[PDB]
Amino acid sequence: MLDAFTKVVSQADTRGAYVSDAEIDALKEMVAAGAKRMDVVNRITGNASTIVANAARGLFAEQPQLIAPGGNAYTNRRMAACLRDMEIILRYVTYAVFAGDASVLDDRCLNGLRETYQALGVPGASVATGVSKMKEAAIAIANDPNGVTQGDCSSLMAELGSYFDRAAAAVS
């Protein structure tokens, strides 16, 4: 996997190039904001069960056919599998935020997931809806102004949203 620093290195190495002054300054900006990045990881991690439960409750309220008899999330075994999938996707999203790069999420979670769901008959578009609901829940928790030093996390929340959006796109 890559992190933000080694993503820049790898792109430069492909070109046989030194990392530019502009690229290094962009990495210094990431470093300067590192405490806020770690708050995002910490808050989502500490509230993972709530994010998954609230997203699932929203998904099944919008798509009752998933939980009706014959639905893909009907029976406790299938519901448990579905909750586990949402928790897995959330875990890899927290790794992407920590590292500042999507490579771990692509390589260890999303690559081949569409085909996996197609073969199981898991409705990918409904997984994408659940992922979008986890995004809303996770941003609400991560971006809660209570109990943190006040300041701007807008960039980090957009980056966090991008990782959820990449997951939703990979399964739909």
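Throughout, we count residues from 1 along the sequence that is shown.
- Across the two stretches, 36 to 44 and 112 to 120, the PDB entry reports the greater mean Cα temperature factor for 112 to 120.
- Stretches 59 to 67 and 131 to 139 differ in mean CA B factor, with 59 to 67 having the higher one.
- When the Cα B-factors of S155, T149, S20, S162 are read from the PDB record, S20 comes out highest.
- Per the PDB record, residue ranking by Cα B-factor puts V171 in the highest third of the chain.
- In the PDB entry, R91 places in the lowest third of its chain by CA B-factor.
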